[PDB]
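Each remark here refers to the structure printed beneath this line.
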Amino acid sequence: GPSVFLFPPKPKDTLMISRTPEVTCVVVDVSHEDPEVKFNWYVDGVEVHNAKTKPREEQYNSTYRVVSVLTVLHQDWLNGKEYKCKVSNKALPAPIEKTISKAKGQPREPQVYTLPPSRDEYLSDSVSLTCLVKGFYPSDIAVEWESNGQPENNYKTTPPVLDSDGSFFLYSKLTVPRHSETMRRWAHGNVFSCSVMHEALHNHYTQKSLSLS
Amino acid sequence: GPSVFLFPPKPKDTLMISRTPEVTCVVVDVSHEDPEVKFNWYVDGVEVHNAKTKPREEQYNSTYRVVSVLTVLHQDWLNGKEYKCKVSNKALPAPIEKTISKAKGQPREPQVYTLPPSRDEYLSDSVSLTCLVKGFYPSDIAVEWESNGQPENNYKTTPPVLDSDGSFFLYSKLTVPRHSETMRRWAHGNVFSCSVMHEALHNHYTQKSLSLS
Amino acid sequence: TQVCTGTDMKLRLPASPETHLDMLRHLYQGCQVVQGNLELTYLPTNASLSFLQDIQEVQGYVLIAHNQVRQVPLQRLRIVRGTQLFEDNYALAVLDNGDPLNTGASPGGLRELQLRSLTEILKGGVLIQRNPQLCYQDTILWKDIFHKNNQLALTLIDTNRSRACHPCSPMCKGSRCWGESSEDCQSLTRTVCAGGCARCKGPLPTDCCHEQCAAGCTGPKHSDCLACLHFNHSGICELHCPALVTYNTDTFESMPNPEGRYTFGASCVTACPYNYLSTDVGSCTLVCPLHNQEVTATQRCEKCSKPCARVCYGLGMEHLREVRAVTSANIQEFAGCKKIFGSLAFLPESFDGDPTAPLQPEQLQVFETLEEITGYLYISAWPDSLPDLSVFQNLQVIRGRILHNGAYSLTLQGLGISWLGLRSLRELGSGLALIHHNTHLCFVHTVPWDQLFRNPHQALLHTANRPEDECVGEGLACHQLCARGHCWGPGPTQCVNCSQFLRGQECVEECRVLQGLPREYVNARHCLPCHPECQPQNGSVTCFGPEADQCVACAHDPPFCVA
Amino acid sequence: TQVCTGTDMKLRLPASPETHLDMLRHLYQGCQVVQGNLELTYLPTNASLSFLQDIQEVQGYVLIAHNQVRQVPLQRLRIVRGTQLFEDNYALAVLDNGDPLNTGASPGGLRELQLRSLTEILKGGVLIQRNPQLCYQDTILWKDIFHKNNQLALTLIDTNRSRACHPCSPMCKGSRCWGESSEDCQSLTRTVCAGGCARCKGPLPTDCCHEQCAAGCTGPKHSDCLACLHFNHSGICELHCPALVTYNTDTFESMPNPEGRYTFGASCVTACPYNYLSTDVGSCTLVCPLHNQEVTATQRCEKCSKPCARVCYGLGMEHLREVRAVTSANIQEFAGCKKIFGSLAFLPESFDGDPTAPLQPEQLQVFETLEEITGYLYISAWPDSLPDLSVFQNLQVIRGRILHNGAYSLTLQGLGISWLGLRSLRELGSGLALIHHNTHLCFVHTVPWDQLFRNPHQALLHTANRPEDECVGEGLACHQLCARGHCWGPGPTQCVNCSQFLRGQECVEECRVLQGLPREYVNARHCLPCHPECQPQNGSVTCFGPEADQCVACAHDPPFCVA
Ligand SMILES: *[C@@H]1O[C@H](CO)[C@@H](O[C@@H]2O[C@H](CO)[C@@H](O[C@@H]3O[C@H](CO[C@H]4O[C@H](CO)[C@@H](O)[C@H](O)[C@@H]4O)[C@@H](O)[C@H](O[C@H]4O[C@H](CO)[C@@H](O)[C@H](O)[C@@H]4O)[C@@H]3O)[C@H](O)[C@H]2NC(C)=O)[C@H](O)[C@H]1NC(C)=O
Ligand SMILES: *[C@@H]1O[C@H](CO)[C@@H](O[C@@H]2O[C@H](CO)[C@@H](O[C@@H]3O[C@H](CO[C@H]4O[C@H](CO)[C@@H](O)[C@H](O)[C@@H]4O)[C@@H](O)[C@H](O[C@H]4O[C@H](CO)[C@@H](O)[C@H](O)[C@@H]4O)[C@@H]3O)[C@H](O)[C@H]2NC(C)=O)[C@H](O)[C@H]1NC(C)=O
Ligand SMILES: *[C@@H]1O[C@H](CO)[C@@H](O[C@@H]2O[C@H](CO)[C@@H](O[C@@H]3O[C@H](CO)[C@@H](O)[C@H](O[C@H]4O[C@H](CO)[C@@H](O)[C@H](O)[C@@H]4O)[C@@H]3O)[C@H](O)[C@H]2NC(C)=O)[C@H](O)[C@H]1NC(C)=O
Ligand SMILES: *[C@@H]1O[C@H](CO)[C@@H](O[C@@H]2O[C@H](CO)[C@@H](O[C@@H]3O[C@H](CO)[C@@H](O)[C@H](O[C@H]4O[C@H](CO)[C@@H](O)[C@H](O)[C@@H]4O)[C@@H]3O)[C@H](O)[C@H]2NC(C)=O)[C@H](O)[C@H]1NC(C)=O
Ligand SMILES: *[C@@H]1O[C@H](CO)[C@@H](O)[C@H](O)[C@H]1NC(C)=O
Ligand SMILES: *[C@@H]1O[C@H](CO)[C@@H](O)[C@H](O)[C@H]1NC(C)=O
Ligand SMILES: *[C@@H]1O[C@H](CO)[C@@H](O)[C@H](O)[C@H]1NC(C)=O
Ligand SMILES: *[C@@H]1O[C@H](CO)[C@@H](O)[C@H](O)[C@H]1NC(C)=O
């Protein structure tokens with residue numbers, strides 16, 4: 001039978017006002033024989049009727065993929081309301097219900113620290129600008145890069161990890177390729193900036209600078 | 001019905017000779033009513049009869065947990081042999097078979113780089129010694145710390161992450177608490193050393209040093 | 001603005017008349033105490049002198065000469081101390097001031113002095129020659145104004161006129177008035193006091209002023225003075241400010257005094273004004289006393305424990321104290337000078353003889369090491385060969401502790417220059433800038449002169465240079481990379497604020513990190529060379545610093561290198 | 001070892017006899033060329049002198065005096081150049097050498113010279129006085145050995161004896177032998193040559209030696225010489241080594257010569273031996289020529305472009321060239337000297353008078369700035385007050401370019417010292433160390449003397465100090481933290497190699513990072529103070545460096561601080 005998977009809104013959307021967050025309910029392995037899927041959304045137990053549904057997206061293994069999108073409010077998600085997706089199909093003996101929400105626990109503020117590459121990394125074909133994010137909670141967090149105010153998009157962030165104390169930590173790795181424009185900006189000492197967006201941050205935002213020597 | 005989960009040997013065991021690696025086959029949700037579980041191990045399709053089995057380990061949810069341990073050879077695992085665990089129980093309509101092996105692909109050698117903490121991290125209650133491990137393959141890798149030749153065990157390592165190129169990268173974070181003995185060694189400039197153990201490394205080992213200023 | 005400097009151009013034809021008027025405006029605007037000389041000269045009839053109204057004290061002398069204007073509003077002027085004296089004799093000098101040649105109506109020349117408040121002239125006398133149309137200059141009885149001391153100070157008053165004068169107002173004492181109106185009645189504060197009183201507000205004993213008062217008073221106390229005979233210490237008139245230290249009695253170890261103060265003109269002050277020097281003897285001054293050495297801490301003078309380190313003396317100082325200009329006889333004296341304790345003047349005789357030899361364009365290169373001029377810079381002549389003043393291209397500060405004609409720290413007139421070369425100049429510590437009649441000189445309004453000044457009275461006076469319009473035509477402008485479009489000249493070298501990066505003197509947009517012919521590294525927006533034994537790196541930085549221990553790779557040594 | 005230094009103790013009673021024997025052993029062991037003087041003195045009968053066997057050349061003079069030993073194995077000795085001369089006259093001096101007082105058997109004294117190879121004495125004469133038992137010293141005909149030049153050089157041979165001598169061997173020419181055996185037949189290489197030949201291997205013209213040969217030859221060429229009259233340039237005997245430069249002909253610009261070489265004694269060499277100085281004139285020397293200045297590059301001499309910077313001259317140099325010791329008359333001359341170009345001697349008269357005044361213990365503190373002594377250090381007297389030599393506690397190098405008695409760079413005898421204070425000493429550039437008869441001196445075998453030497457011939461000669469056993473009792477040992485157990489004295493200051501960390505002079509196990517009273521930071525195993533305006537951090541480091549821009553937090557400035 002099919003299988004359901006429910007994703008939260010992007011943390012950047014949650015915190016920025018003019019960005020619309022949305023809880024997304026995916027349905028995979030929808031049979032060729034029984035494609036009719038039906039969704040019911042619930043907030044703290046109350047149906048919505050607001051969400052919309054993307055069309056059938058056929059996949060490689062001859063199955064459909066139906067995706068229901070429920071656009072949510074910033075206050076409701078941040079205040080811990082449960083978003084519940086009830087999928088129903090003929091191939092399912094019983095309907096599938098999945099509930100997502102804000103992580104429930106003590107909120108804690110991140111500490112952002114930028115580390116420069118080690119001298120040895122410069123011989124390789126790329127140098128890595130590291131941005132440590134430490135002691136935060138919950139794991140929902142958005143991390144970007146930018147130099148001279150312009151976003152950079154060669155960065156790879158790890159999944160949050162549980163520290164011995166309970167708070168979360170992660171690293172981000174902005175790859176600066178050899179011969180790259182982002183490299184010339186780095187060697188000229190231009191300002192590279194690691195932006196962070198998290199709930200407990202005052203104004204839901206802090207960013208740390210970083211430059212050469 | 002029950003559920004099976006098969007774990008590989010520790011990467012440190014695989015590479016060190018006098019350490020015995022072992023593929024471990026866990027069985028959870030073994031019913032109170034049907035505890036009789038039976039294991040068959042296979043290497044490249046051939047039964048073994050060598051593994052041993054730990055006793056019933058009862059859990060919080062009134063289920064047993066049976067664990068079968070098959071001690072493996074270093075050559076056989078490193079040369080990509082498939083280790084297959086066939087669990088059989090009355091509650092299972094059909095027996096469960098699970099196959100683990102070395103990751104199949106191009107092997108690549110890690111590059112180890114130690115980064116010191118940022119100046120700002122020193123105000124907090126602990127400073128973090130970072131050890132970047134970059135561009136390696138496969139993900140099986142073991143990372144330790146040690147100062148003055150003595151292992152340190154306040155470190156937290158991320159899961160390997162896929163880089164844009166295909167190789168893996170990760171970070172490790174040795175926490176040096178305020179007032180800690182590991183802190184006095186750090187402020188006195190003693191040698192902290194990030195040990196790495198990976199297949200593609202020559203002699204299956206490389207370690208990078210790190211000290212203050 | 002309470003305090004302004006005076007001038008020392010005594011009776012010399014000002015260069016440009018427009019600037020002379022504006023100069024006096026900028027200088028005495030809102031000024032109440034002239035530390036120096038009040039020199040009003042060559043002013044035309046249609047001239048406004050309202051800025052002079054608030055002048056109360058003049059430390060030096062007062063010279064009113066060669067003016068077509070009809071009166072000067074110096075009613076609030078109470079005292080003239082006369083530390084300097086015109087022609088080494090007079091505190092007050094009123095000379096000429098009359099139509100010499102050819103309508104409308106009215107005549108030219110001064111009319112009435114109207115120095116209503118002037119009741120004190122400590123050191124000095126009076127000189128009034130010619131001045132047809134000057135009336136009531138013989139009705140004064142100056143020996144009331146002259147202090148008890150230096151009374152013998154001369155009086156020499158010409159009473160030639162080209163017109164007759166009315167009698168004084170009937171409200172005044174007979175033959176006692178500065179003008180025909182009642183408000184011009186002469187106030188008398190000496191020779192009409194009780195007993196041996198130098199100053200008083202009346203003939204009674206109770207009317208006598210305190211010992212320390214000058215000119216007059218509002219009461220018997222030292223707080224009631226109109227002007228302090230010596231020093232104004234926080235409203236009180238005293239003989240000397242409190243010393244900075246008091247000595248032990250049994251020993252004589254010096255102990256710092258909290259009540260100590262510094263002497264600034266005739267005023268006790270908690271600290272010396274900007275650009276002035278603080279001394280151990282408790283005085284603000286523009287040159288250190290002899291045996292002392294200038295050093296910062298906050299510029300200050302300290303007496304030399306070891307030999308006073310040798311320094312460079314410019315014009316107006318030491319052996320050059322009486323030297324007019326830089327010539328072949330002294331040009332070598334500035335060999336490799338970073339800082340010149342004096343002034344620098346370049347007159348047509350600099351580049352001509354005086355059986356001395358004329359100066360040559362290459363000799364001027366000596367000043368390329370010069371970073372600071374304490375005094376002033378004056379250039380009335382400069383070789384047609386040279387296009388600019390890049391000889392002075394490393395000059396950062398012209399402090400102006402001395403000023404040409406008492407007014408201009410920087411002067412540039414009558415030159416064949418085409419742009420200013422002073423790319424390193426950041427401060428005109430004092431005095432005005434005068435740049436006029438440089439037929440070819442562009443790049444004036446390109447300079448952010450506002451940045452260079454440090455007090456309100458400073459300003460740039462420019463006229464008769466090449467028109468800004470004419471400069472735009474021909475395609476002259478700051479180089480692309482000059483931030484805020486501020487530059488001293490054309491090329492990239494002449495930028496004020498470099499937009500991108502600095503390769504020595506050139507302002508360039510790309511240092512040679514990553515694959516430059518000689519590899520480089522950045523450091524505070526400066527390009528700098530990587531150590532030669534560093535190995536050139538293709539698409540990655542070559543070094544973190546200048547040394548050989550900062551390479552990425554070597555040419556051939558645990559951190560260092562050794563090709 | 002081919003080359004060793006000689007000595008300059010001419011005829012002075014050696015301090016300790018055991019060390020004198022060992023000293024000669026260490027010195028001439030395997031030595032073939034004595035750059036200096038061969039001085040064999042006060043040697044007893046039961047003494048072995050086998051180390052002398054390989055000596056071929058002596059640049060200076062040869063002095064054999066006051067010896068009970070019966071012969072000296074100098075058969076290979078071919079030439080004595082005699083640059084120095086004993087009593088300013090003699091290259092060869094054989095004096096005394098005989099039993100003076102009271103069995104076993106045999107008598108005392110030298111017997112036969114046996115200088116079989118000695119066929120050249122360039123500059124100098126012969127002196128043989130007394131030496132009862134000396135035979136065949138009148139059978140030599142020295143004017144064959146004396147070179148053509150300085151032939152007049154004196155000969156003064158006493159033939160007193162206490163025994164008779166056999167005839168020479170019948171194989172020798174009549175009255176031509178250095179001893180009664182056949183192997184002692186006198187070889188004759190002058191006055192038996194063809195024509196004006198100074199040296200030859202026979203009477204024939206073809207037997208004559210080349211012009212540059214000395215003593216003799218194996219053939220007519222300059223490669224067949226037995227010893228070079230002037231310089232040995234790669235097997236060839238020449239008059240002068242090739243200059244380092246050759247001059248232009250039309251100009252006279254100097255051009256470097258690849259064939260150039262330096263003069264080292266009588267040898268052309270590609271580079272100067274260690275501890276010697278290289279000069280522009282192409283010579284290895286132990287003192288620079290006059291007008292030159294010592295500087296490294298590799299120590300070397302350069303002629304002074306500007307005034308030769310003033311340096312400190314010790315004993316044996318300049319105005320102190322003929323001064324015996326440090327006294328009250330010269331102690332002040334070393335005020336704040338880092339490096340002394342000369343020697344330092346402290347004799348009992350240093351601390352006594354000579355109507356001069358005696359020296360006092362506090363005056364010696366002057367040397368606490370001294371880091372290097374070019375010459376030598378000799379201390380035969382030192383105040384009982386002081387326990388050690390920590391006056392010299394910052395002395396790093398005693399180069400030994402001059403040596404006491406030509407042998408000892410460091411000497412310490414007859415002192416009430418209890419330990420050596422020289423915690424900074426790392427190098428004895430040359431010469432031996434002699435430490436003996438210091439009744440209370442411990443901490444000798446605690447010093448790793450092996451580290452301090454730089455050539456084979458160096459060694460420590462110690463005797464008659466306080467026994468190592470007696471020192472262990474009483475509980476004297478290196479402090480806990482002295483690495484490898486090497487120390488110059490008791491406390492933690494006196495460690496050689498600090499196990500943990502160095503707080504100035506103390507070797508301590510814990511710097512004050514993390515909560516020290518004045519916070520600190522480490523730098524190459526040194527504790528250093530954090531800037532005062534840094535804020536003390538509880539359980540975390542306080543600063544990365546000395547400056548105020550390296551703080552963790554401040555006391556009160558974008559990177560800096562300003563309490
Ligand atoms: C037939 O073809 C379909 C279409 O590809 C396959 O569907 C996939 O099924 C797997 C099942 O394991 C899905 O895997 C899940 O991925 C989740 C996140 O990945 C998606 O979301 C991000 C964010 O939007 C996307 O960028 C990304 O591309 C993916 O679309 C994980 O979170 C899931 O893990 C959770 O479930 C496991 C299992 O219970 C738990 O143990 C974990 O703790 C965790 O809670 C899960 O791994 C996959 O996403 C599906 N594809 C797509 C496109 O969605 C079918 O698998 C294939 N055939 C069969 C036989 O399944
Ligand atoms: C009744 O009580 C039992 C006993 O606790 C519970 O059993 C757990 O069941 C969960 C099922 O999700 C198991 O979760 C699995 O954990 C694996 C790794 O964790 C174990 O291994 C490490 C290394 O030895 C141990 O240190 C650690 O403590 C754990 O023991 C994961 O790798 C698994 O993920 C894989 O499966 C998912 C699901 O298909 C895939 O999507 C992933 O891609 C991945 O391949 C999995 O998450 C858990 O380990 C079990 N406990 C124990 C102790 O083993 C029962 O869950 C509980 N009740 C119920 C209703 O289950
Ligand atoms: C010797 O020095 C003393 C002072 O050191 C001087 O006496 C008086 O000093 C006071 C201040 O110390 C002066 O008062 C000021 O005058 C200026 C005008 O020049 C005003 O701008 C000041 O502020 C006023 O205006 C503000 C805005 O409305 C108000 O908020 C404020 O309350 C003030 O009213 C202030 O009034 C004063 O002018 C001098 N002089 C006199 C006569 O009072 C003395 O004159 C010096 N010379 C001597 C003693 O010979
Ligand atoms: C002037 O200087 C020259 C040399 O600059 C000198 O001539 C001969 O020089 C050679 C080397 O240049 C000498 O040969 C050596 O002698 C020593 C012994 O002192 C040996 O140890 C050397 O090595 C030998 O032994 C090795 C181990 O078995 C062998 O592997 C090796 O092949 C050698 O056999 C080497 O032999 C030589 O001794 C000198 N002297 C002579 C007479 O040859 C010359 O003597 C100097 N003085 C003058 C010209 O007056
Ligand atoms: C007028 O001036 C002339 C010259 O300046 C002088 O000689 C004459 O005495 C003056 N007249 C009077 C009345 O003083
Ligand atoms: C630098 O990289 C470019 C890449 O196009 C390559 O062509 C060139 O050969 C490289 N130069 C060196 C010196 O490695
Ligand atoms: C022996 O020596 C004495 C003094 O040394 C001397 O006078 C005497 O001439 C010597 N005898 C001979 C035979 O030379
Ligand atoms: C430092 O930490 C200890 C922890 O026991 C605490 O007692 C002490 O008060 C702290 N000191 C300061 C100055 O914070």
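Residue numbering restarts at 1 for every chain of the structure tokens, chains are lettered A, B, ... in their displayed order, and ligands are numbered from 1 as they appear.
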Nearby polymer residues, ligand 1, at most 9 Å, only C-alpha atoms and all ligand atoms, as a PyMOL selection string: chain A and resi 2-8+24+26-30+58-65
Dump as a short mmCIF file (atom, residue, chain, number, x, y, z; two decimals), in the first residue's frame, selection limited to N, CA and C atoms:
data_model
loop_
_atom_site.label_atom_id
_atom_site.label_comp_id
_atom_site.auth_asym_id
_atom_site.auth_seq_id
_atom_site.Cartn_x
_atom_site.Cartn_y
_atom_site.Cartn_z
N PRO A 2 0.21 2.41 -0.26
CA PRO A 2 0.94 3.68 -0.27
C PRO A 2 1.65 3.95 1.05
N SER A 3 2.43 5.03 1.05
CA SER A 3 3.14 5.50 2.24
C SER A 3 3.13 7.02 2.26
N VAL A 4 2.90 7.58 3.44
CA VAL A 4 2.76 9.02 3.62
C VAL A 4 3.99 9.56 4.32
N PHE A 5 4.32 10.82 4.01
CA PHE A 5 5.43 11.51 4.65
C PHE A 5 5.10 13.00 4.73
N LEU A 6 5.18 13.55 5.94
CA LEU A 6 4.73 14.90 6.23
C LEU A 6 5.92 15.78 6.60
N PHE A 7 6.10 16.88 5.86
CA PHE A 7 7.23 17.77 6.07
C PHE A 7 6.78 19.09 6.68
N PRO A 8 7.61 19.71 7.52
CA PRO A 8 7.23 20.99 8.13
C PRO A 8 7.50 22.14 7.18
N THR A 24 3.60 20.42 4.21
CA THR A 24 3.51 19.69 2.95
C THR A 24 3.36 18.20 3.24
N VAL A 26 3.14 14.58 1.60
CA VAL A 26 3.47 13.82 0.40
C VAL A 26 2.83 12.44 0.49
N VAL A 27 2.43 11.92 -0.67
CA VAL A 27 1.89 10.57 -0.79
C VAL A 27 2.64 9.87 -1.92
N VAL A 28 3.36 8.80 -1.58
CA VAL A 28 4.15 8.05 -2.54
C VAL A 28 3.62 6.63 -2.61
N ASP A 29 3.96 5.94 -3.70
CA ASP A 29 3.47 4.59 -3.97
C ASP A 29 1.95 4.57 -4.11
N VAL A 30 1.40 5.61 -4.73
CA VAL A 30 -0.01 5.63 -5.08
C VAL A 30 -0.20 4.74 -6.30
N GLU A 58 3.67 11.43 -11.76
CA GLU A 58 4.06 10.04 -11.99
C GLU A 58 5.57 9.89 -11.83
N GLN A 59 5.98 8.76 -11.27
CA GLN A 59 7.37 8.51 -10.90
C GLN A 59 7.97 7.42 -11.79
N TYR A 60 9.23 7.09 -11.50
CA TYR A 60 9.95 6.11 -12.31
C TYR A 60 9.35 4.71 -12.15
N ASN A 61 8.97 4.34 -10.93
CA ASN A 61 8.46 3.00 -10.65
C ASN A 61 6.96 2.88 -10.93
N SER A 62 6.44 3.65 -11.88
CA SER A 62 5.04 3.54 -12.31
C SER A 62 4.08 3.72 -11.13
N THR A 63 4.35 4.72 -10.30
CA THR A 63 3.44 5.14 -9.25
C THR A 63 3.21 6.64 -9.36
N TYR A 64 2.11 7.10 -8.79
CA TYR A 64 1.83 8.52 -8.72
C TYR A 64 2.35 9.09 -7.40
N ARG A 65 2.53 10.41 -7.37
CA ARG A 65 2.94 11.12 -6.17
C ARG A 65 2.06 12.35 -6.01
#
Nearby residues, ligand 3, 7 Å, only C-alpha atoms and all ligand atoms, as a list in words: residues 223, 225, 226, 227, 228, 232, 233, 234, 235, 236 and 237 of chain C
Secondary structure check, strand (DSSP E) residues of segment 56-160 of chain C, as a ChimeraX atom specification: /C:57-58,62-65,79-80,90-95,120-121,125-129,155-157
Generate the output file for the selected residues, N, CA and C atoms, as a CSV table (one decimal), in the first residue's frame.
chain,number,residue,atom,x,y,z
C,57,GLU,N,38.5,92.5,23.3
C,57,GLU,CA,39.9,92.6,23.6
C,57,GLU,C,40.7,92.4,22.4
C,58,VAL,N,41.8,93.2,22.3
C,58,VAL,CA,42.9,92.9,21.3
C,58,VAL,C,44.2,92.8,22.1
C,62,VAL,N,46.3,97.5,17.1
C,62,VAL,CA,45.2,97.8,16.2
C,62,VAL,C,45.7,98.7,15.1
C,63,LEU,N,45.5,98.3,13.8
C,63,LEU,CA,46.0,99.1,12.7
C,63,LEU,C,44.8,99.3,11.7
C,64,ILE,N,44.5,100.5,11.5
C,64,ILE,CA,43.4,100.9,10.6
C,64,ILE,C,44.0,101.8,9.5
C,65,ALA,N,44.3,101.3,8.3
C,65,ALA,CA,45.0,102.0,7.3
C,65,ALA,C,44.5,101.7,5.9
C,79,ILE,N,39.7,97.1,25.7
C,79,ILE,CA,41.1,97.1,26.1
C,79,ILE,C,42.0,96.7,24.9
C,80,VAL,N,43.2,97.2,24.8
C,80,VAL,CA,44.2,96.9,23.8
C,80,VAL,C,45.5,96.7,24.6
C,90,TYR,N,53.5,101.7,18.7
C,90,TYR,CA,52.1,102.1,18.8
C,90,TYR,C,51.2,100.9,19.0
C,91,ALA,N,50.2,101.0,19.9
C,91,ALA,CA,49.1,100.0,20.0
C,91,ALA,C,48.0,100.4,19.1
C,92,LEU,N,47.8,101.7,18.8
C,92,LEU,CA,46.7,102.1,17.9
C,92,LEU,C,47.3,103.0,16.8
C,93,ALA,N,47.0,102.6,15.6
C,93,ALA,CA,47.6,103.2,14.4
C,93,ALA,C,46.5,103.4,13.3
C,94,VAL,N,46.1,104.7,13.1
C,94,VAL,CA,45.1,105.1,12.1
C,94,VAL,C,45.8,105.9,11.1
C,95,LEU,N,46.0,105.4,9.8
C,95,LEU,CA,46.8,106.0,8.8
C,95,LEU,C,46.1,106.1,7.5
C,120,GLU,N,41.3,101.3,28.1
C,120,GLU,CA,42.6,100.8,28.5
C,120,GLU,C,43.5,100.5,27.3
C,121,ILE,N,44.7,101.1,27.4
C,121,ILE,CA,45.8,100.7,26.5
C,121,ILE,C,47.0,100.4,27.4
C,125,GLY,N,51.3,103.3,22.4
C,125,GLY,CA,50.8,104.7,22.2
C,125,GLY,C,49.9,104.8,21.0
C,126,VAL,N,49.7,106.0,20.5
C,126,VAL,CA,48.6,106.2,19.5
C,126,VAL,C,49.3,106.9,18.3
C,127,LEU,N,48.9,106.6,17.1
C,127,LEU,CA,49.4,107.2,15.9
C,127,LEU,C,48.2,107.5,15.0
C,128,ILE,N,48.0,108.7,14.6
C,128,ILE,CA,46.9,109.1,13.7
C,128,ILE,C,47.4,110.1,12.7
C,129,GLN,N,47.7,109.7,11.5
C,129,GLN,CA,48.2,110.5,10.5
C,129,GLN,C,47.3,110.6,9.3
C,155,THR,N,52.3,109.7,21.7
C,155,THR,CA,51.0,110.1,21.1
C,155,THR,C,51.4,111.0,19.9
C,156,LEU,N,50.9,110.7,18.8
C,156,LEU,CA,51.3,111.5,17.6
C,156,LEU,C,50.0,111.6,16.7
C,157,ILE,N,49.3,112.7,16.8
C,157,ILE,CA,48.0,112.8,16.1
C,157,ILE,C,48.0,114.0,15.1
Test item: chain D residues at most 10 Å from chain B, counting only C-alpha atoms, as a ChimeraX atom specification: /D:500-501,510-515,520-527,537-545,550-553
Atom CA of residue 208 of chain A to atom CA of residue 113 of chain A, straight-line distance in Å: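 Here the two named atoms are 6.7 Å from each other.
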Residues of chain A within 12 Å of chain B, only C-alpha atoms counted, as number ranges by chain: A: 110-135, 153-165, 168-175, 177, 208-210
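Closest approach to ligand 2 among B:19, B:56, B:49, B:108 is made by B:56 (distances from only C-alpha atoms and all ligand atoms).
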Contacts of residue 31 of chain C within 8 Å, only C-alpha atoms, excl. fewer than 3 positions in-chain, as a list in words: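 Contacts, in chain order: residues 1, 2, 3, 4, 27, 28, 34, 51, 52, 54 and 55 of chain C.
In the backbone-derived DSSP annotation, helix (DSSP H, G or I) within segment 15-189 of chain A comprises residues 15, 74, 75, 76, 77, 78, 119, 120, 121, 122, 181, 182, 183, 184, 185, 186 and 187 of chain A.
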Those same residues, written as a CSV table (one decimal), in the first residue's frame with C-alpha atoms?
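Contents of result_5.csv, as written:
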chain,number,residue,atom,x,y,z
A,15,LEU,CA,10.5,33.5,10.8
A,74,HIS,CA,3.5,32.2,11.5
A,75,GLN,CA,1.8,32.6,15.0
A,76,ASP,CA,0.1,29.2,14.8
A,77,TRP,CA,3.2,27.2,14.0
A,78,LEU,CA,5.5,29.1,16.4
A,119,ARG,CA,46.6,26.8,6.1
A,120,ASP,CA,46.9,23.2,4.7
A,121,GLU,CA,43.5,23.3,3.0
A,122,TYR,CA,44.8,25.9,0.6
A,181,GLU,CA,35.0,34.4,-8.0
A,182,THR,CA,34.2,33.6,-4.4
A,183,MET,CA,37.9,32.9,-4.0
A,184,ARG,CA,39.1,36.3,-5.3
A,185,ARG,CA,36.7,37.9,-2.9
A,186,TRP,CA,38.2,35.8,-0.1
A,187,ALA,CA,41.8,36.4,-0.9
